[PDB]
Amino acid sequence: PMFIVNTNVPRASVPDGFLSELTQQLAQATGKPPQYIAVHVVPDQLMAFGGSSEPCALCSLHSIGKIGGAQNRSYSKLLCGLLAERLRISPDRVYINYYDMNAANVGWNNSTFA
Amino acid sequence: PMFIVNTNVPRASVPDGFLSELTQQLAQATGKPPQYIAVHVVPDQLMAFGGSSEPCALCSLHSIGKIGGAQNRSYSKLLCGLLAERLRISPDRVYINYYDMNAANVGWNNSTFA
Amino acid sequence: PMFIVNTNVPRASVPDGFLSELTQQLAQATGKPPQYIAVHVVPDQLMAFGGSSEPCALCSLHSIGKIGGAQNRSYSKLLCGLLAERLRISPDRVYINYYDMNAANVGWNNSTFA
Ligand SMILES: CC(=O)C[C@H](O)CC(=N)c1ccc(O)c(F)c1
Ligand SMILES: CC(=O)C[C@H](O)CC(=N)c1ccc(O)c(F)c1
Ligand SMILES: CC(=O)C[C@H](O)CC(=N)c1ccc(O)c(F)c1
Ligand SMILES: [Cl-]
Ligand SMILES: [Cl-]
Ligand SMILES: [Cl-]
Ligand SMILES: [Cl-]
Ligand SMILES: [Cl-]
Ligand SMILES: [Cl-]
């Protein structure tokens, strides 16, 4: 899976261990081995949410399977919890787009997963 | 909705009030309340369009509904208009990707919109 | 088409002409004229792949058609090859998301391709 967070919080406010924490927590949540999980955090962004620029985050989670109505509701709680505690972002200022991808449309290691 | 603009134009050329202009204009265009609109502007990017590094922009608008043939033409006119007027980017050097998302695939505040 | 590469490799490690090579090679691979290829390279990112912060990349290729099983394998070989040779990123630390988009959902020049 691939998890991306874009945020206006400054780089200094993103803990050094945040990417590893996200990796491990997403591995548990998706049931995928952590070696497969990629994480990308983009701080210092020029953003607004609801016309205001208090801390906020725009995220996406991409996976081959393990995406669906109930699962996504559960991922939102996991990810809002982490963003709230580690980045101090209110959960009502977080959007997460979920993508359930076909293996044929995910490239890796000179090929695709298909 | 969520609107993202990636451009090679320098930060200094992004007018103050641009995020608010995008928020309000998108509210009127989509008919969605401004409190749900998220906007993200990323200047100073390393990009090319047609091989040329003259000003360009790569955008994306994500929405639950309010996306379609007719609506997208209207959004493109509005958004290229703003990028031309405010950022001095030629409309033929702008791409906008439109995403009509299922409510179940959009996380917000510890749940999804489904 | 639109190709985006996000990487933790430093900017100084992206060779001069990389955006031109991507434009040219993607035009050849997709069969699309190079005038309509947009490329976006984002170095110096805060990223992890499998919990390691060694060089990695997360990419996407969006196209109206020219996306499918066999084609995507070919694009992945091409693109992972370039990331390995030019940016020194191991192919097993690259993900590429492929998106086959409807013309009605791609804005350009004040309109859409629909
Ligand atoms: C199950 C595995 O061995 C590898 C994973 O399936 C890769 C994966 N789920 C994956 C990686 C990047 C993506 O962007 C994505 F949508 C899915
Ligand atoms: C008025 C509402 O019910 C909330 C909005 O409809 C949410 C929305 N359309 C929305 C927000 C962020 C997204 O990334 C997205 F794809 C859709
Ligand atoms: C006449 C053409 O060949 C136009 C191209 O098909 C544009 C194209 N495939 C394209 C451009 C930007 C995009 O973001 C995208 F998803 C697709
Ligand atoms: Cl720390
Ligand atoms: Cl589910
Ligand atoms: Cl897919
Ligand atoms: Cl969706
Ligand atoms: Cl194919
Ligand atoms: Cl589409």
# chains A, B, ... in the order shown; residues from 1 in each chain; ligands from 1
$ residues_near_ligand --ligand "ligand 1" --cutoff "9 Å" --atoms "only C-alpha atoms and all ligand atoms" --output "ChimeraX atom specification"
/A:1-3,32-33,35-38,61-66,99-103,105-108,113 /C:58-60,94-98
$ closest_atom_pairs --of "chain A" --to "ligand 5" --cutoff "9 Å" --atoms "only C-alpha atoms and all ligand atoms" --output "JSON lines"
{"residue": "A:66", "atom": "CA", "partner": "ligand 5", "partner_atom_place_in_ligand_line": "1 (Cl)", "distance": 7.1}
{"residue": "A:67", "atom": "CA", "partner": "ligand 5", "partner_atom_place_in_ligand_line": "1 (Cl)", "distance": 6.0}
{"residue": "A:68", "atom": "CA", "partner": "ligand 5", "partner_atom_place_in_ligand_line": "1 (Cl)", "distance": 3.5}
{"residue": "A:69", "atom": "CA", "partner": "ligand 5", "partner_atom_place_in_ligand_line": "1 (Cl)", "distance": 4.5}
{"residue": "A:70", "atom": "CA", "partner": "ligand 5", "partner_atom_place_in_ligand_line": "1 (Cl)", "distance": 4.1}
{"residue": "A:71", "atom": "CA", "partner": "ligand 5", "partner_atom_place_in_ligand_line": "1 (Cl)", "distance": 4.3}
{"residue": "A:72", "atom": "CA", "partner": "ligand 5", "partner_atom_place_in_ligand_line": "1 (Cl)", "distance": 6.8}
{"residue": "A:73", "atom": "CA", "partner": "ligand 5", "partner_atom_place_in_ligand_line": "1 (Cl)", "distance": 8.5}
$ write_last_selection --atoms "N, CA and C atoms" --output "short mmCIF file (atom, residue, chain, number, x, y, z; two decimals), in the first residue's frame"
data_model
loop_
_atom_site.label_atom_id
_atom_site.label_comp_id
_atom_site.auth_asym_id
_atom_site.auth_seq_id
_atom_site.Cartn_x
_atom_site.Cartn_y
_atom_site.Cartn_z
N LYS A 66 -8.23 -4.70 0.27
CA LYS A 66 -8.24 -4.17 1.64
C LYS A 66 -8.82 -2.74 1.69
N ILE A 67 -9.64 -2.40 0.71
CA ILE A 67 -10.35 -1.13 0.65
C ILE A 67 -11.83 -1.45 0.48
N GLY A 68 -12.68 -0.75 1.23
CA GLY A 68 -14.11 -0.98 1.17
C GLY A 68 -14.81 -0.17 2.24
N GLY A 69 -16.14 -0.17 2.22
CA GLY A 69 -16.92 0.68 3.11
C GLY A 69 -16.50 0.57 4.57
N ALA A 70 -16.54 -0.64 5.11
CA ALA A 70 -16.23 -0.84 6.52
C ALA A 70 -14.76 -0.60 6.81
N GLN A 71 -13.90 -1.12 5.93
CA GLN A 71 -12.46 -0.97 6.13
C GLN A 71 -12.06 0.50 6.14
N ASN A 72 -12.65 1.28 5.24
CA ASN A 72 -12.29 2.68 5.11
C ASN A 72 -12.74 3.47 6.33
N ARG A 73 -13.89 3.09 6.90
CA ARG A 73 -14.33 3.72 8.14
C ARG A 73 -13.33 3.47 9.25
#
$ atom_distance --atom1 "CA of residue 34 (chain C)" --atom2 "CA of residue 114 (chain A)"
28.3 Å
$ residues_near_ligand --ligand "ligand 4" --cutoff "10 Å" --atoms "only C-alpha atoms and all ligand atoms" --output "ChimeraX atom specification"
/A:12-18,86
$ write_last_selection --atoms "N, CA, C and O atoms" --output "compact mmCIF listing (two decimals), in the first residue's frame"
# COMPACT_ATOMS: atom_id res chain seq x y z
N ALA A 12 9.45 20.77 11.10
CA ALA A 12 9.95 20.57 12.46
C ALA A 12 8.92 19.95 13.39
O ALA A 12 9.29 19.38 14.43
N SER A 13 7.63 20.06 13.04
CA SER A 13 6.55 19.55 13.87
C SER A 13 6.17 18.11 13.51
O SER A 13 5.32 17.50 14.17
N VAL A 14 6.78 17.57 12.45
CA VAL A 14 6.57 16.16 12.10
C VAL A 14 7.62 15.32 12.83
O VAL A 14 8.81 15.49 12.57
N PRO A 15 7.20 14.43 13.75
CA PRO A 15 8.21 13.69 14.52
C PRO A 15 9.08 12.80 13.61
O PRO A 15 8.60 12.29 12.58
N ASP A 16 10.33 12.62 14.02
CA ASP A 16 11.28 11.79 13.27
C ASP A 16 10.78 10.36 13.05
O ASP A 16 11.12 9.74 12.03
N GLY A 17 9.98 9.85 13.98
CA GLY A 17 9.50 8.48 13.91
C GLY A 17 8.16 8.33 13.22
O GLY A 17 7.62 7.22 13.15
N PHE A 18 7.62 9.43 12.69
CA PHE A 18 6.25 9.38 12.18
C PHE A 18 6.06 8.42 11.01
O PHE A 18 5.06 7.71 10.94
N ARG A 86 0.15 13.08 16.71
CA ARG A 86 1.51 13.40 16.31
C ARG A 86 1.69 14.74 15.61
O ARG A 86 2.75 15.37 15.75
$ select_by_dssp --residues "region 6-87 of chain C" --states "helix (DSSP H, G or I)" --output "JSON, numbers by chain"
{"C": [11, 12, 13, 18, 19, 20, 21, 22, 23, 24, 25, 26, 27, 28, 29, 30, 34, 35, 36, 69, 70, 71, 72, 73, 74, 75, 76, 77, 78, 79, 80, 81, 82, 83, 84, 85, 86, 87]}
$ write_last_selection --atoms "N, CA, C and O atoms" --output "compact mmCIF listing (two decimals), in the first residue's frame"
# COMPACT_ATOMS: atom_id res chain seq x y z
N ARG C 11 17.71 16.98 -4.91
CA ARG C 11 17.58 17.70 -6.18
C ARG C 11 18.88 17.66 -6.99
O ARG C 11 18.84 17.47 -8.21
N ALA C 12 20.02 17.83 -6.32
CA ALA C 12 21.30 17.87 -7.04
C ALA C 12 21.63 16.53 -7.71
O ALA C 12 22.49 16.47 -8.60
N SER C 13 20.93 15.47 -7.30
CA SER C 13 21.11 14.13 -7.87
C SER C 13 20.19 13.84 -9.07
O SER C 13 20.27 12.75 -9.66
N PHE C 18 16.70 15.49 -17.24
CA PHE C 18 15.83 14.39 -16.85
C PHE C 18 14.37 14.60 -17.29
O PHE C 18 13.73 13.67 -17.78
N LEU C 19 13.85 15.82 -17.12
CA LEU C 19 12.46 16.10 -17.52
C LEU C 19 12.29 15.96 -19.04
O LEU C 19 11.26 15.47 -19.51
N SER C 20 13.31 16.37 -19.79
CA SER C 20 13.30 16.20 -21.25
C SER C 20 13.33 14.72 -21.63
O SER C 20 12.58 14.29 -22.52
N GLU C 21 14.20 13.95 -20.99
CA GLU C 21 14.25 12.51 -21.28
C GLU C 21 12.92 11.84 -20.97
O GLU C 21 12.43 11.04 -21.79
N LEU C 22 12.34 12.15 -19.82
CA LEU C 22 11.01 11.61 -19.50
C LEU C 22 9.98 11.98 -20.56
O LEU C 22 9.22 11.12 -21.00
N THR C 23 9.94 13.26 -20.97
CA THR C 23 9.00 13.70 -22.00
C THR C 23 9.16 12.89 -23.28
O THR C 23 8.19 12.39 -23.84
N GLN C 24 10.41 12.78 -23.72
CA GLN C 24 10.70 12.10 -24.98
C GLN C 24 10.39 10.62 -24.93
O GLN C 24 9.82 10.08 -25.87
N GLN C 25 10.79 9.96 -23.83
CA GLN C 25 10.65 8.51 -23.70
C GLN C 25 9.18 8.12 -23.47
O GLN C 25 8.73 7.11 -23.99
N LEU C 26 8.44 8.94 -22.71
CA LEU C 26 7.00 8.70 -22.54
C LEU C 26 6.21 8.93 -23.82
O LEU C 26 5.25 8.22 -24.10
N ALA C 27 6.62 9.92 -24.63
CA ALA C 27 5.96 10.11 -25.90
C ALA C 27 6.15 8.87 -26.76
O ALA C 27 5.20 8.40 -27.40
N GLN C 28 7.37 8.34 -26.80
CA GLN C 28 7.66 7.14 -27.58
C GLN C 28 6.86 5.95 -27.07
O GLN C 28 6.23 5.24 -27.85
N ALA C 29 6.81 5.80 -25.74
CA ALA C 29 6.17 4.63 -25.14
C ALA C 29 4.65 4.63 -25.27
O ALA C 29 4.05 3.58 -25.53
N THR C 30 4.03 5.79 -25.09
CA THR C 30 2.56 5.92 -25.13
C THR C 30 2.01 6.15 -26.53
O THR C 30 0.79 6.03 -26.75
N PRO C 34 4.79 14.40 -28.05
CA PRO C 34 5.43 14.95 -26.87
C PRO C 34 4.85 16.30 -26.41
O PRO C 34 4.92 16.61 -25.23
N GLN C 35 4.22 17.05 -27.31
CA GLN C 35 3.60 18.32 -26.92
C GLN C 35 2.56 18.15 -25.80
O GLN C 35 2.33 19.09 -25.04
N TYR C 36 1.97 16.98 -25.68
CA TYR C 36 0.91 16.84 -24.69
C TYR C 36 1.36 16.09 -23.45
O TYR C 36 0.55 15.80 -22.56
N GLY C 69 -2.87 -4.01 -19.17
CA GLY C 69 -1.97 -5.01 -18.62
C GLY C 69 -0.57 -5.02 -19.19
O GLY C 69 0.41 -4.76 -18.50
N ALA C 70 -0.49 -5.30 -20.47
CA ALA C 70 0.78 -5.43 -21.16
C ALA C 70 1.55 -4.08 -21.26
O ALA C 70 2.78 -3.93 -21.08
N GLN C 71 0.78 -3.02 -21.55
CA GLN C 71 1.33 -1.68 -21.70
C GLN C 71 1.93 -1.22 -20.39
O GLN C 71 3.01 -0.63 -20.36
N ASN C 72 1.21 -1.47 -19.30
CA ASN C 72 1.73 -1.02 -18.00
C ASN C 72 3.01 -1.75 -17.59
O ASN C 72 3.88 -1.15 -16.97
N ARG C 73 3.12 -3.04 -17.92
CA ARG C 73 4.38 -3.74 -17.69
C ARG C 73 5.52 -3.08 -18.47
O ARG C 73 6.61 -2.90 -17.93
N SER C 74 5.25 -2.71 -19.72
CA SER C 74 6.24 -2.03 -20.55
C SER C 74 6.62 -0.67 -19.98
O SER C 74 7.80 -0.32 -19.91
N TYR C 75 5.63 0.10 -19.53
CA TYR C 75 5.93 1.40 -18.91
C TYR C 75 6.77 1.21 -17.65
O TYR C 75 7.67 2.00 -17.38
N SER C 76 6.46 0.18 -16.87
CA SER C 76 7.18 -0.02 -15.62
C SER C 76 8.64 -0.38 -15.85
O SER C 76 9.53 0.07 -15.12
N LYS C 77 8.89 -1.22 -16.85
CA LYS C 77 10.27 -1.56 -17.21
C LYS C 77 11.00 -0.29 -17.65
O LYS C 77 12.14 -0.05 -17.23
N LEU C 78 10.36 0.51 -18.50
CA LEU C 78 10.96 1.76 -18.96
C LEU C 78 11.27 2.71 -17.81
O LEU C 78 12.39 3.19 -17.65
N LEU C 79 10.26 2.95 -16.97
CA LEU C 79 10.37 3.96 -15.93
C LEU C 79 11.26 3.53 -14.77
O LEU C 79 12.06 4.32 -14.27
N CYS C 80 11.12 2.29 -14.31
CA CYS C 80 12.03 1.79 -13.29
C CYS C 80 13.46 1.80 -13.82
O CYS C 80 14.39 2.10 -13.08
N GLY C 81 13.64 1.46 -15.11
CA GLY C 81 14.97 1.52 -15.71
C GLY C 81 15.56 2.90 -15.59
O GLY C 81 16.72 3.06 -15.18
N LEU C 82 14.77 3.92 -15.94
CA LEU C 82 15.25 5.29 -15.87
C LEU C 82 15.52 5.74 -14.44
O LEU C 82 16.53 6.40 -14.17
N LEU C 83 14.65 5.37 -13.51
CA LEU C 83 14.89 5.75 -12.14
C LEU C 83 16.15 5.09 -11.56
O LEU C 83 16.87 5.69 -10.75
N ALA C 84 16.41 3.85 -11.96
CA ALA C 84 17.63 3.17 -11.54
C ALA C 84 18.89 3.80 -12.16
O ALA C 84 19.87 4.06 -11.46
N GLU C 85 18.85 4.03 -13.46
CA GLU C 85 20.03 4.53 -14.16
C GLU C 85 20.31 6.00 -13.87
O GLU C 85 21.46 6.37 -13.64
N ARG C 86 19.26 6.82 -13.82
CA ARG C 86 19.46 8.26 -13.67
C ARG C 86 19.47 8.72 -12.21
O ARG C 86 20.25 9.59 -11.84
N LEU C 87 18.59 8.14 -11.39
CA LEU C 87 18.48 8.57 -9.99
C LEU C 87 19.06 7.59 -8.96
O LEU C 87 19.06 7.89 -7.75
$ atom_distance --atom1 "CA of residue 89 (chain A)" --atom2 "CA of residue 9 (chain A)"
8.4 Å
$ atom_distance --atom1 "atom 14 (O, counted along the ligand's line) of ligand 2" --atom2 "CA of residue 7 (chain B)"
19.8 Å
$ closest_residue --among "B:53, B:10, B:104, B:46" --to "chain C" --atoms "only C-alpha atoms"
B:46
$ residues_around --residues "residue 41 (chain B)" --least-positions-apart "3" --cutoff "8 Å" --atoms "only C-alpha atoms" --output "list in words"
residues 45, 46 and 47 of chain A; 4, 5, 6 and 19 of chain B
